[PDB]
There are 2 protein chains.
Amino acid sequence: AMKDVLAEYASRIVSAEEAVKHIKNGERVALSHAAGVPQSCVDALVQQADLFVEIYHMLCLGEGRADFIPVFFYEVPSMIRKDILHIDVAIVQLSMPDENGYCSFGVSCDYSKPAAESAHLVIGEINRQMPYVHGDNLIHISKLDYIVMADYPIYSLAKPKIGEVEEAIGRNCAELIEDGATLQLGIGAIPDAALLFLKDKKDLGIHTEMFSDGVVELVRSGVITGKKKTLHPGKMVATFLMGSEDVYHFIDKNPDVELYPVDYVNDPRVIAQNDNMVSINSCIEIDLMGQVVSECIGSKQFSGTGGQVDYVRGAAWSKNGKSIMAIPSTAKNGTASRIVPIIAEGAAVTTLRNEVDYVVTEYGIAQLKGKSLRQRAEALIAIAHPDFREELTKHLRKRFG
Amino acid sequence: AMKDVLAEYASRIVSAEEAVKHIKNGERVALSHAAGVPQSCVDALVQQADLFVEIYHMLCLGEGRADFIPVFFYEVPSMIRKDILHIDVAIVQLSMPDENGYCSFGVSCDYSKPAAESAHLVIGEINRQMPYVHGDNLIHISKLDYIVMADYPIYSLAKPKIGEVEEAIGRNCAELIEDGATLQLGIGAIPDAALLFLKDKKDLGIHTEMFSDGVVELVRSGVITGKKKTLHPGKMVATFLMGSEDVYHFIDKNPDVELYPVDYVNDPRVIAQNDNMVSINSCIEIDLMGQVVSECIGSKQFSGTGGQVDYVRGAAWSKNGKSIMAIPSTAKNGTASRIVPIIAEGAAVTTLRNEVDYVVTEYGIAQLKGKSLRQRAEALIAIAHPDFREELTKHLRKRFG
Ligand SMILES: [Cl-]
Ligand SMILES: [Cl-]
Ligand SMILES: [Cl-]
Ligand SMILES: [Cl-]
């Protein structure tokens, strides 16, 4: 008779409902990030919602405030370890244990692993369909106070339609990426469009907050080799992953994919050790001085980690590093400009005017570093939508004659 | 007959008027920073102003915009070396050459030295009264295209009156400084008041953008020894200096004082190598989320380097590091609050809400790191002036109920 691989752990295996029962009112509960959200325990949570608690997450709910905690993404794990951001309960989704009793955090390492390593109570949701992902991404099963068994497809993303605006942006981004570059970029039409114009590039590498289908396609086609990387050569390094079922199969037990916790991956000093960084991110608006506002609302994005500034700062120390803010020139169905004379009332600046590098729209490329305020205004106006250039120019004139 | 110590260089020695004559229209001219501004050449410049040119400086003229170039202070030298910020002419004030033909940049190393090492044309203003200051702060006299001799007291500062608001702030700052701390702080009533409450501290060290009379007083009294520093032990490290004639005598040929260029001193990665950093800076306003606006206008300050964020970021990586934004709770003769519901229209954020640490007023201390937006608002309100708390609270309520 074959081995019952769950046998030894039977004592701690409980239903989702039984597990979440041990959360207490007023506690902060951290969940595995993004695609690795523990679906069975979350369902049990809403079921007992009546009785209950603060959920700590980094998602844009209603895309893609009182309790929001501004923090740099790379700083979250130390803040957790120092009890500055206290987590009473970590509900993490995990892969099946290996022979040594280690489970992988699969597609969600990020702060999810640090949370599990620090929380007073740890619930591990072991999903047969959570892939086993390499890197510093394991936890021994003995650390789990409760184990909830599951079998369900993790959250996936379909790739969005690329329009001609996104195509134009992508093509401009590709222009800035030379052979051997190490990339950080996200998901959505813009980054996908950028990757589509990289098929002629050679030996690109990945050191990124996350990647998805578009990156894997360039691995399979031989463009992204990691072969010229100066840190973790030959490896795709990330802190979390999300994409199609195909991405999740490609990464499963794939030693060329390594996840590490966010305090490693997103640390500007670690990012900087990768030569030729090109970081690509989007934002909601940028003012004529170069201040960048990037928030969940308006983003049309599932993950709101605020991790982009980590990469702007890391790229700035990378040998021949570049960061790009790649955005549609307009918003709200073309009725609003993302290049604004003044940021919106009460908006939170997320990347400082003193650190912004390249800005890219469908109308072209601006490099702001080293430009005066006049020069910056003029440079951004030329890549703004034509319908907004007149009003932007008059603010320019009011300010600088 | 004794040696004419100028003799060998006679060929390049010219009047101030003759020297500046070789600047050409449309050129960018960099001047030694702050107290080391080359006074003779500047006078000659205004005299020929008729014929003439962009002066690159980091001063707040009319305290203590089109051509302003937003940049992190520590990044300026590389931007100069990469011709991203091109300097056609460097007019630097220097000490008399030593026996080896090396002049010191005296009290202005900062970007002044990097400018002199990169500019197409270099005018050295050798002042008998510019002190010889140690550190990476020399240039061989053969690099000077013209030499202008001078003998005049460099710009000095009188220490300002400390009021009870400043005293209260200083006392709160001192509370946050433990024995063995390495300090960065500026000039003005607030930092002076802070230093006045540090007389009972032991083995403090200095790694600072600049220092002045207040720091030297604590050296002379045995509090600031540098003895517990983990970088440059026993030394006061800075990038520029300004104070009374007394400070300038104390530093002259004093090997315990070392200046280095700003790309060394202000680099967050170098700052971070000093354990127990305490960085103290002021700003114009801070909003209820923690965004910090610090500009020249309203600052009542001579130097507008924007260097403070370098130290917020460096302190964040220092072992047990702290940064403090120390400000009067009010402005404009008590008619305005520096703790605001929303930053001023068009204001430039200089330190991100995600990185602010401590905020200190005459009404107390707030630590914002790890606090939610609600918690941050409440924490800042409690240290706002009582006359503004009601209106701040109603914005709090409109936002978070
Ligand atoms: Cl830590
Ligand atoms: Cl121009
Ligand atoms: Cl350099
Ligand atoms: Cl509270």
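Taking the numbered list (1) within 14 Å of chain B (Cβ to nearest Cβ); (2) surrounded by 22 or more Cβ atoms within 10 Å (Cβ to Cβ) in turn, A:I324 passes all entries but (1).
None of B:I80, B:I55 is under 21 Å from the mean Cα position of the chain (by Cα), more than 12 Å from B:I139 (Cα to Cα), within 16 Å of ligand 3 (Cβ to nearest atom) and of a type in the set (A, V, I, L, M, F, W, C) except B:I80. Beta carbons closer than 9 Å, at least 6 apart along the sequence or on distinct chains, pair a first residue in segment B:343-362 that is facing chain A (nearest Cβ under 10 Å) with a second that is part of a strand (DSSP E or B) and small (G, A, S) for B:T351/B:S323; B:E355/B:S323; B:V356/B:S323. Scanning segment A:1-22 for residues that are crowded, with 21+ Cβ neighbours inside 10 Å and either more than 23 Å from A:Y155 (Cβ to Cβ) or out of contact with any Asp or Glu (no Cβ under 7 Å at 6 or more places or on another chain) (or both) yields a total of 2.
Of all residues in segment A:236-245, one or more are outside the structural domain of A:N137 (by CATH), surrounded by fewer than 19 Cβ atoms within 10 Å (Cβ to Cβ), under 23 Å from A:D192 (Cβ atoms) and not hydrophobic (A, V, I, L, M, F, W, C). Summed over segment A:293-316, residues that are surrounded by fewer than 24 Cβ atoms within 10 Å (Cβ to Cβ) and outside any helix (DSSP H, G or I) total 11.
Restricting segment A:73-105 to residues that are touching a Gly at 6+ places or on another chain (Cβ under 7 Å) and of a type in the set (A, V, I, L, M), the residue that is surrounded by the fewest Cβ atoms within 10 Å (Cβ to Cβ) is A:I84.
Highlighted here are the helices (runs of 4 or more DSSP H) found entirely within segment A:9-120 that include at least 2 residues which are within 14 Å of chain B (Cβ to nearest Cβ): A:76-81.
Check whether at least one residue in segment B:158-166 is surrounded by 18 or more Cβ atoms within 10 Å (Cβ to Cβ) and under 30 Å from A:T351 (Cβ atoms), and report yes or no. Among the residues of segment B:158-166, not one is surrounded by 18 or more Cβ atoms within 10 Å (Cβ to Cβ) and under 30 Å from A:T351 (Cβ atoms), which makes the answer no. Counting just the residues of segment B:248-275 that are of a type in the set (S, T, N, Q) and away from ligand 3 (no atom under 16 Å from the Cβ), which one comes out surrounded by the fewest Cβ atoms within 10 Å (Cβ to Cβ)? Filtering segment B:248-275 for residues that are of a type in the set (S, T, N, Q) and away from ligand 3 (no atom under 16 Å from the Cβ), the one surrounded by the fewest Cβ atoms within 10 Å (Cβ to Cβ) comes out as B:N254.
Say whether the condition of being over 25 Å from A:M289 (Cβ atoms) and either within 16 Å of ligand 4 (Cβ to nearest atom) or of a type in the set (D, E, K, R) (or both) is met by at least one residue in segment B:51-65. I'd like the intermediate steps shown before the answer.
We begin by selecting, within segment B:51-65, every residue over 25 Å from A:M289 (Cβ atoms); these are B:51-52.
The next check asks that each one be either within 16 Å of ligand 4 (Cβ to nearest atom) or of a type in the set (D, E, K, R) (or both); those that pass are none.
The answer is no, given that none of the residues of segment B:51-65 is over 25 Å from A:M289 (Cβ atoms) and either within 16 Å of ligand 4 (Cβ to nearest atom) or of a type in the set (D, E, K, R) (or both).
Taking the criterion of being within 14 Å of chain B (Cβ to nearest Cβ) and crowded, with 24+ Cβ neighbours inside 10 Å, the only residue of segment A:276-286 that qualifies is A:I286. The residues of segment B:309-328 that are touching a helix residue (DSSP H, G or I) at 6+ places or on another chain (Cβ under 9 Å) and not aliphatic (A, V, I, L, M), listed by number, are B:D310, B:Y311, B:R313, B:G314, B:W317, B:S318, B:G321, B:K322, B:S323, B:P328.
Picking from residues in segment B:383-401 that are over 17 Å from B:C173 (Cα atoms) and among the hydrophobic types (A, V, I, L, M, F, W, C), the one that is nearest to the other protein chains (Cβ to nearest Cβ) is B:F400.
For segment A:110-132, indicate whether the set of residues that are away from ligand 1 (no atom under 16 Å from the Cβ), under 20 Å from A:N266 (Cα atoms) and assigned by CATH to the domain that holds A:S15 is non-empty. Checked against the condition, which is being away from ligand 1 (no atom under 16 Å from the Cβ), under 20 Å from A:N266 (Cα atoms) and assigned by CATH to the domain that holds A:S15, segment A:110-132 yields at least one hit.
Checked against (1) touching a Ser or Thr at 6+ places or on another chain (Cβ under 6 Å); (2) within 25 Å of A:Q367 (Cα to Cα), A:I271 meets all criteria but (1).
Do we have any residue at all in segment B:351-360 that's over 22 Å from A:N354 (Cβ atoms) and within 16 Å of ligand 4 (Cβ to nearest atom)? No - not one qualifying residue is present in segment B:351-360. The lone criterion from (1) assigned to a loop (DSSP other than H, G, I, E, B); (2) farther than 30 Å from A:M79 by Cβ left unmet by A:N172 is number (1). Scan segment A:329-364 for residues that are touching a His at 6+ places or on another chain (Cβ under 9 Å) and either at positive phi or not in a strand (DSSP E or B) (or both) and the total you get is 7.
Here segment A:45-72 is the region considered, the condition is being hydrophobic (A, V, I, L, M, F, W, C) and crowded, with 18+ Cβ neighbours inside 10 Å, and the residue that is farthest from A:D252 (Cα to Cα) is A:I69. Out of all the residues in segment B:28-44, is one or more among the β-branched types (V, I, T) and either more than 23 Å from B:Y146 (Cβ to Cβ) or exposed (fewer than 14 other Cβ atoms within 10 Å of the Cβ) (or both)? There is no residue in segment B:28-44 that is among the β-branched types (V, I, T) and either more than 23 Å from B:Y146 (Cβ to Cβ) or exposed (fewer than 14 other Cβ atoms within 10 Å of the Cβ) (or both). Between B:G62, B:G135, B:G106, the distinction of being closer than 26 Å to B:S15 by Cβ and away from ligand 1 (no atom under 16 Å from the Cβ) belongs to B:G106 only.
Annotation for segment A:350-359: no member residue is within 16 Å of ligand 2 (Cβ to nearest atom), assigned by CATH to the domain that holds A:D275 and crowded, with 20+ Cβ neighbours inside 10 Å.
In this entry, B:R374 is excluded by the filter for residues that are in a loop (DSSP other than H, G, I, E, B), at the interface with another protein chain (Cβ under 9 Å from one of its Cβ atoms) and either touching a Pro at 6+ places or on another chain (Cβ under 9 Å) or within 16 Å of ligand 4 (Cβ to nearest atom) (or both). Screening A:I141, A:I187, A:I169, A:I147 for residues that are aliphatic (A, V, I, L, M), crowded, with 18+ Cβ neighbours inside 10 Å and in contact with a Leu (Cβ under 7 Å, 6 or more places away or on another chain) leaves exactly one candidate, A:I187. Just wondering, is there one or more residues in segment B:341-357 that are within 22 Å of A:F68 (Cα to Cα) and of a type in the set (S, T, Y)? Yes, some residue in segment B:341-357 is within 22 Å of A:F68 (Cα to Cα) and of a type in the set (S, T, Y).
For segment B:121-132, a residue qualifies if it is crowded, with 20+ Cβ neighbours inside 10 Å and outside any strand (DSSP E or B), and the qualifying residues are B:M130, B:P131, B:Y132.
Positions of Cβ are generated from backbone atoms using ideal geometry, with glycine treated the same way; all protein chains shown enter the neighbour counts. Numbers and lists here come from the model and the stated rules, or from a named source; none is laboratory data.
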